[PDB]
>>> print(open('input_36.cif').read())   # mmCIF, C-alpha atoms (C1' of nucleotides)
data_input
loop_
_atom_site.group_PDB
_atom_site.id
_atom_site.type_symbol
_atom_site.label_atom_id
_atom_site.label_comp_id
_atom_site.auth_asym_id
_atom_site.auth_seq_id
_atom_site.Cartn_x
_atom_site.Cartn_y
_atom_site.Cartn_z
ATOM 1 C CA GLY I 139 -23.761 -1.253 6.788
ATOM 2 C CA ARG I 140 -20.392 -1.067 5.027
ATOM 3 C CA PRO I 141 -20.188 0.268 1.454
ATOM 4 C CA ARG I 142 -19.917 -1.894 -1.623
ATOM 5 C CA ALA I 143 -16.379 -1.811 -3.051
ATOM 6 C CA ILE I 144 -17.636 -1.396 -6.612
ATOM 7 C CA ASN I 145 -20.359 0.560 -8.383
ATOM 8 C CA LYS I 146 -22.310 -0.659 -11.433
ATOM 9 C CA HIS I 147 -19.954 0.824 -14.034
ATOM 10 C CA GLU I 148 -16.982 -1.000 -12.552
ATOM 11 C CA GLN I 149 -18.817 -4.316 -12.377
ATOM 12 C CA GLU I 150 -19.814 -4.853 -16.023
ATOM 13 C CA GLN I 151 -16.440 -3.337 -16.877
ATOM 14 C CA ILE I 152 -14.559 -5.846 -14.708
ATOM 15 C CA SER I 153 -17.055 -8.411 -15.925
ATOM 16 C CA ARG I 154 -15.956 -7.861 -19.532
ATOM 17 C CA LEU I 155 -12.301 -7.892 -18.569
ATOM 18 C CA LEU I 156 -12.702 -11.259 -16.860
ATOM 19 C CA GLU I 157 -14.050 -12.570 -20.161
ATOM 20 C CA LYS I 158 -10.857 -11.887 -22.048
ATOM 21 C CA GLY I 159 -8.760 -13.857 -19.623
ATOM 22 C CA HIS I 160 -7.712 -10.954 -17.429
ATOM 23 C CA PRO I 161 -6.339 -12.479 -14.209
ATOM 24 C CA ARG I 162 -8.379 -11.545 -11.143
ATOM 25 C CA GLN I 163 -5.070 -10.738 -9.423
ATOM 26 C CA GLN I 164 -4.540 -7.962 -12.008
ATOM 27 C CA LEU I 165 -7.986 -6.406 -11.826
ATOM 28 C CA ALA I 166 -7.873 -6.272 -8.012
ATOM 29 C CA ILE I 167 -4.836 -4.018 -8.257
ATOM 30 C CA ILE I 168 -6.142 -1.850 -11.077
ATOM 31 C CA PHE I 169 -9.478 -1.304 -9.376
ATOM 32 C CA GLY I 170 -8.311 -1.497 -5.794
ATOM 33 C CA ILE I 171 -10.395 -4.420 -4.484
ATOM 34 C CA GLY I 172 -9.610 -7.767 -2.886
ATOM 35 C CA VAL I 173 -9.221 -10.775 -5.134
ATOM 36 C CA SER I 174 -11.608 -12.825 -2.984
ATOM 37 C CA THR I 175 -14.159 -10.030 -3.533
ATOM 38 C CA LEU I 176 -13.792 -10.613 -7.254
ATOM 39 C CA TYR I 177 -14.688 -14.276 -6.912
ATOM 40 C CA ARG I 178 -17.799 -13.375 -4.909
ATOM 41 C CA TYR I 179 -19.088 -10.771 -7.329
ATOM 42 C CA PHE I 180 -17.928 -12.775 -10.371
ATOM 43 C CA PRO I 181 -17.695 -16.526 -9.589
ATOM 44 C CA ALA I 182 -15.525 -18.504 -12.031
ATOM 45 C CA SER I 183 -18.641 -20.575 -12.699
ATOM 46 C CA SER I 184 -20.468 -17.548 -14.075
ATOM 47 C CA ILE I 185 -17.666 -16.538 -16.407
ATOM 48 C CA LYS I 186 -16.856 -19.780 -18.265
ATOM 49 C CA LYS I 187 -20.013 -18.603 -20.050
ATOM 50 C "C1'" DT X 1 -22.836 -2.670 26.810
ATOM 51 C "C1'" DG X 2 -25.244 -1.157 19.841
ATOM 52 C "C1'" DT X 3 -26.166 -3.948 9.804
ATOM 53 C "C1'" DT X 4 -23.850 -4.968 5.519
ATOM 54 C "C1'" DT X 5 -20.047 -6.006 3.005
ATOM 55 C "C1'" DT X 6 -15.009 -6.830 2.520
ATOM 56 C "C1'" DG X 7 -11.083 -9.668 2.060
ATOM 57 C "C1'" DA X 8 -7.675 -12.930 4.086
ATOM 58 C "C1'" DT X 9 -7.491 -17.878 4.185
ATOM 59 C "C1'" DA X 10 -8.254 -22.707 4.727
ATOM 60 C "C1'" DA X 11 -10.052 -26.492 2.036
ATOM 61 C "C1'" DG X 12 -10.960 -28.988 -2.288
ATOM 62 C "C1'" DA P 1 1.338 -25.046 -8.782
ATOM 63 C "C1'" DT P 2 -2.615 -22.838 -9.458
ATOM 64 C "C1'" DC P 3 -7.626 -21.670 -9.524
ATOM 65 C "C1'" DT P 4 -12.139 -21.500 -6.827
ATOM 66 C "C1'" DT P 5 -15.184 -21.794 -3.302
ATOM 67 C "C1'" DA P 6 -16.923 -21.357 1.315
ATOM 68 C "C1'" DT P 7 -15.993 -19.376 5.507
ATOM 69 C "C1'" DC P 8 -15.774 -15.800 9.018
ATOM 70 C "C1'" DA P 9 -13.231 -12.236 11.806
ATOM 71 C "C1'" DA P 10 -13.604 -7.460 11.349
ATOM 72 C "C1'" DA P 11 -13.890 -3.318 8.947
ATOM 73 C "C1'" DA P 12 -16.981 0.400 7.734
ATOM 74 C "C1'" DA P 13 -20.766 2.962 8.042
ATOM 75 C "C1'" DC P 14 -25.194 3.571 10.498
#
>>> encode(input="input_36.cif", output="C-alpha cells")
Amino acid sequence: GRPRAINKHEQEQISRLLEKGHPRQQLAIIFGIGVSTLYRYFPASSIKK
DNA sequence: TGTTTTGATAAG
DNA sequence: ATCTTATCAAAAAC
C-alpha cells in the first residue's frame, strides 16, 4: 500500500488552518498535497463546525 | 501474469 | 464563478 501524504502533526495543523478560512488551494501548496486530498481528509462539512 | 492511498476531474 | 463531493485511473509501496 501507498503512503499517506500527511502525518498526524500536519493534519490537526492543517485542520486548524482550515478553520481560519485558509483556502485549501493555499495549504496544498504549502504542505505539498493535492487539493482533492484535502477535501477527503477534511470535508467542508466537517469544518463549518 | 501480483494493497492502500493519492489526486485529477466530472457532476451538482 | 466558485466550492464540494464522489469517482476512479494510477501511483506508490509491498
>>> atom_distance(input="input_36.cif", atom1="CA of residue 186 (chain I)", atom2="CA of residue 141 (chain I)")
28.3 Å
>>> interface_residues(input="input_36.cif", of="chain I", to="chain P", cutoff="10 Å", atoms="all atoms listed in the file", output="number ranges by chain")
I: 139-141, 174, 177-178, 181-183
>>> resolve_selection(input="input_36.cif", expression="the PyMOL selection byres ((chain X) within 12 of (chain I))", output="NGL selection string")
:X and (3-9)
>>> atom_distance(input="input_36.cif", atom1="CA of residue 156 (chain I)", atom2="CA of residue 168 (chain I)")
12.8 Å
>>> atom_distance(input="input_36.cif", atom1="CA of residue 161 (chain I)", atom2="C1' of residue 12 (chain X)")
20.9 Å
>>> build_atoms(input="input_36.cif", residues="region 152-169 of chain I", atoms="N, CA and C atoms", output="mmCIF file, in the coordinates of the input")
data_model
loop_
_atom_site.group_PDB
_atom_site.id
_atom_site.type_symbol
_atom_site.label_atom_id
_atom_site.label_comp_id
_atom_site.auth_asym_id
_atom_site.auth_seq_id
_atom_site.Cartn_x
_atom_site.Cartn_y
_atom_site.Cartn_z
ATOM 1 N N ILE I 152 -15.421 -4.782 -15.219
ATOM 2 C CA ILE I 152 -14.559 -5.846 -14.708
ATOM 3 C C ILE I 152 -15.061 -7.142 -15.286
ATOM 4 N N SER I 153 -16.378 -7.241 -15.381
ATOM 5 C CA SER I 153 -17.055 -8.411 -15.925
ATOM 6 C C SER I 153 -16.537 -8.743 -17.326
ATOM 7 N N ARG I 154 -16.436 -7.713 -18.164
ATOM 8 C CA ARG I 154 -15.956 -7.861 -19.532
ATOM 9 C C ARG I 154 -14.471 -8.191 -19.560
ATOM 10 N N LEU I 155 -13.720 -7.610 -18.636
ATOM 11 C CA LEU I 155 -12.301 -7.892 -18.569
ATOM 12 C C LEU I 155 -12.103 -9.362 -18.220
ATOM 13 N N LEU I 156 -12.844 -9.866 -17.242
ATOM 14 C CA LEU I 156 -12.702 -11.259 -16.860
ATOM 15 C C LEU I 156 -12.994 -12.212 -18.010
ATOM 16 N N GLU I 157 -13.736 -11.738 -19.005
ATOM 17 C CA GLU I 157 -14.050 -12.570 -20.161
ATOM 18 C C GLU I 157 -13.159 -12.103 -21.285
ATOM 19 N N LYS I 158 -11.862 -12.266 -21.080
ATOM 20 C CA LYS I 158 -10.857 -11.887 -22.048
ATOM 21 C C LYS I 158 -9.613 -12.534 -21.453
ATOM 22 N N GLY I 159 -9.831 -13.156 -20.298
ATOM 23 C CA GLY I 159 -8.760 -13.857 -19.623
ATOM 24 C C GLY I 159 -7.945 -13.006 -18.686
ATOM 25 N N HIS I 160 -8.450 -11.824 -18.337
ATOM 26 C CA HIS I 160 -7.712 -10.954 -17.429
ATOM 27 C C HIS I 160 -7.703 -11.591 -16.060
ATOM 28 N N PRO I 161 -6.502 -11.862 -15.527
ATOM 29 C CA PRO I 161 -6.339 -12.479 -14.209
ATOM 30 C C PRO I 161 -6.996 -11.653 -13.123
ATOM 31 N N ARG I 162 -7.727 -12.295 -12.218
ATOM 32 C CA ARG I 162 -8.379 -11.545 -11.143
ATOM 33 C C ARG I 162 -7.328 -10.805 -10.298
ATOM 34 N N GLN I 163 -6.130 -11.372 -10.197
ATOM 35 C CA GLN I 163 -5.070 -10.738 -9.423
ATOM 36 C C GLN I 163 -4.739 -9.355 -9.990
ATOM 37 N N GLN I 164 -4.819 -9.227 -11.315
ATOM 38 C CA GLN I 164 -4.540 -7.962 -12.008
ATOM 39 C C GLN I 164 -5.605 -6.915 -11.798
ATOM 40 N N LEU I 165 -6.854 -7.314 -11.983
ATOM 41 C CA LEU I 165 -7.986 -6.406 -11.826
ATOM 42 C C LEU I 165 -8.259 -5.957 -10.378
ATOM 43 N N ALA I 166 -7.682 -6.653 -9.405
ATOM 44 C CA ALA I 166 -7.873 -6.272 -8.012
ATOM 45 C C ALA I 166 -7.007 -5.037 -7.811
ATOM 46 N N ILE I 167 -5.799 -5.103 -8.356
ATOM 47 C CA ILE I 167 -4.836 -4.018 -8.257
ATOM 48 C C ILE I 167 -5.314 -2.805 -8.995
ATOM 49 N N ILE I 168 -5.653 -2.971 -10.275
ATOM 50 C CA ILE I 168 -6.142 -1.850 -11.077
ATOM 51 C C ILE I 168 -7.350 -1.150 -10.450
ATOM 52 N N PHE I 169 -8.295 -1.913 -9.928
ATOM 53 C CA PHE I 169 -9.478 -1.304 -9.376
ATOM 54 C C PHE I 169 -9.442 -1.118 -7.877
#
